[PDB]
Amino acid sequence: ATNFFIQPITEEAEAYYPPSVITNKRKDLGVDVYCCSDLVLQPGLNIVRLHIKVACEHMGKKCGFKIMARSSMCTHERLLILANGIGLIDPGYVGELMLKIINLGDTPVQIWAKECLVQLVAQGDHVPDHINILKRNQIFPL
Amino acid sequence: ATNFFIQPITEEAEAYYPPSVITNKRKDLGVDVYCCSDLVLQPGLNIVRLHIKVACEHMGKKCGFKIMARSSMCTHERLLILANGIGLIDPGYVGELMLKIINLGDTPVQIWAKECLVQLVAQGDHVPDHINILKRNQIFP
Amino acid sequence: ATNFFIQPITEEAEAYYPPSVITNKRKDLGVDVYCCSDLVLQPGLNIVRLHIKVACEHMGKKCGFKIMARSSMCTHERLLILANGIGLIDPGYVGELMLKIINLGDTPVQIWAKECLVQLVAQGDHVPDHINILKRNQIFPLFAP
Ligand SMILES: O=c1ccn([C@H]2C[C@H](O)[C@@H](COP(=O)(O)O)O2)c(=O)[nH]1
Ligand SMILES: O=c1ccn([C@H]2C[C@H](O)[C@@H](COP(=O)(O)O)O2)c(=O)[nH]1
Ligand SMILES: O=c1ccn([C@H]2C[C@H](O)[C@@H](COP(=O)(O)O)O2)c(=O)[nH]1
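As a convention, residue numbering begins from 1 on each chain and follows the written sequence, not necessarily the numbering found in the entry; residues with no coordinates do not appear. Numbering of ligands from 1 and lettering of chains from A proceed in the order in which they are written. Derived side-chain values reflect all non-hydrogen atoms in the structure, with water molecules and hydrogen atoms excluded from consideration.

In terms of determination method and resolution, the entry is listed under X-ray crystallography at 1.9980 Å.

Written out as structure tokens, the structure is:
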């Protein structure tokens, strides 16, 4: 059993993460996460908040996970890459998820709140069984 | 066991992917795949087709896999990167494998059909035992 | 059981890699590795020595591993990425570990010996139990192909 737990920690994030349990019977490897706020990314590095806390769980024990770009993140009009290639998230991390995005182009680029630039992948690439979206006013699973 | 299945879907790819069963006795993690056509990559983003449908299986069940650059993809002359860092291929995908390649340089660069710019890695990084190259003109479930 | 074995190749690297056994009680996924020598990264591609030989074992058998950038690597003032996204190190490789690093800026950037720009992650993302730092002079069969 492999589960993700996602809690919105801002009001804008709540609009995109209503409390619910999401099944994954397409058996996709990655869990899409929203920008949750409109962004204008400057040329060079941008530190982008994802407005969520995340835990991943495998065989009933907390595990790590990985942040990977979606194939739609980079388009002809916005040359965006993840600076660290993929984001490596240790099981012990209990802060807010963040992204280091490099705008490789010469002009700023617009991102809309509803877009999913990245996807989360469990340690070991295990297919998620459930994705639990938690209430903002809830003690994040310890 | 962990096995890949590669089927060429163009005549170009067929020249590079004759039907065969390949063993991986070096026990390398990645499966090198050809460009299968001579390309010129423009500065910035390029869409590059790999001319193949691919399936991966672990313990008898279809699974996903990943597309990673090979170390030789990026040289001083050809400053090339995969736009998405690594390509995440879901078990359900049955389309042609595609690449988004950024030419970070200032001028177009030539890719030769025989070059393998990327390699495929099974979900969970399992070492492949067999790489099965299937015939083009055959519908496989 | 997942264990890393790291042997420094040079005397600069030995200063950062005295022999020891490191326990991973935080259960972090990656193993930080030092630059071990100051370096200037020119604009564009750079091939960088890591000054170490590395082996990974899972359940008593030699396995592969992966090189990933740390969040430390790229800052607003030094736009640095791993050319290959992540480095894929096969069990049959037995040389010195290398990095392909792209300086995306138009000026040389300086890296210091002390910094850890990348981390090693076992095949399958297994959490390391021990990181064994080996003596420099000796010749270990565990690094065999
Ligand atoms: O893309 C990333 C990468 C890391 N982290 C968090 C999770 C890690 O456990 C922690 C420390 O990462 P490093 O600075 O050591 O890379 O930062 C993110 O939020 N996003
Ligand atoms: O580099 C890539 C990444 C993805 N895909 C295919 C397989 C995926 O299942 C599908 C969607 O990928 P994402 O948008 O989730 O990254 O596109 C590729 O062909 N090449
Ligand atoms: O970042 C890297 C990537 C690879 N290698 C070594 C280990 C691999 O087994 C070998 C061949 O790599 P490829 O050419 O297959 O990418 O080079 C490195 O030292 N650093």
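I keep staring at the interface of chain A and chain B and nothing clicks. Help me out?
Buried accessible area, meaning the area lost when the parts come together, often serves as the stated size of an interface. The contact criterion used throughout is that any non-hydrogen atoms of two residues lie within 4.5 Å. Counting from both sides, the interface comprises 25 residues of chain A and, opposite them, 22 residues of chain B. The term buried area denotes the loss of accessible surface (1.4 Å probe radius) that occurs when two parts are joined, taken as the sum for both partners. Here chain A packs against chain B, burying approximately 1500 Å² in sum over the two surfaces, 66% of which is carbon and sulfur. Note on definitions: salt bridges are taken to be side-chain nitrogens of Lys or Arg within 4 Å of carboxyl oxygens of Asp or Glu. Linking chain A with chain B are 1 salt bridge, by the criterion used here. Polar contact criterion, stated in full: a pair of N or O atoms within 3.5 Å, where within protein one must be able to donate a hydrogen and the other to accept it, and residues adjacent in sequence count only if both atoms are side-chain atoms. The tally of links from chain A across to chain B stands at 6 residue pairs in polar contact. Helix and strand definitions follow DSSP, with helices as H or I runs of at least four residues and strands as E runs of at least two, each counted in order from the N terminus. Within the residue set of the side of chain A that touches chain B, elements represented by two or more residues are β8 (65-69), β9 (80-82) and β13 (118-122) of chain A. Broken down by element, the side of chain A that touches chain B gets its largest block of residues, 3 residues, from β8(A). Its residues assigned to classes, the side of chain A that touches chain B comprises 11 nonpolar, 9 polar and 5 charged. As a working rule, the residues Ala, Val, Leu, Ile, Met, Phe, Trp, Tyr, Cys and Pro are called nonpolar, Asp, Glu, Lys and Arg charged, and the rest polar, with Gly in that last group.

Please explain the UniProt feature "binding site: dUMP 1" (unreviewed entry) in chain C as it appears in this structure.
UniProt positions are given in the numbering used here, feature names are shortened, and annotations may be inferred rather than shown by experiment. Here the UniProt-annotated "binding site: dUMP 1" (unreviewed entry) positions come out as C:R70, C:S71, C:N84, C:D90 and C:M98. For this annotated set, covering 29 residues, the C-alpha atoms extend up to 24.1 Å from each other, a dispersed arrangement in space. From the set just named, the residues that line the largest cavity comprise C:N84. Among the structural elements, C:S71 can be located in the loop between β8 (65-69) and β9 (80-82). Burial status follows relative accessibility: with a 1.4 Å probe on protein chains alone, a residue under 20% of its type maximum counts as buried, one over 50% as exposed, and anything between as partly exposed. Accessibility expressed as a relative area gives 47% for C:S71, which makes it partly exposed. For C:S71, the residues in contact, after removing those within four places along its chain, are A:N84 and A:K100. In this fold, C:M98 is placed in strand β11 (residues 98-103). For C:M98, the contacting residues outside a window of four places in its chain are C:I47, C:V48, C:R49 and C:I67. Cavity: a set of points on a 1 Å grid over the protein atoms alone where a 1.4 Å probe fits but cannot get out. Pocket: an open set with protein on both sides within 12 Å along at least five of seven lines, its lining residues, like those of a cavity, having an atom within 4 Å of a point.

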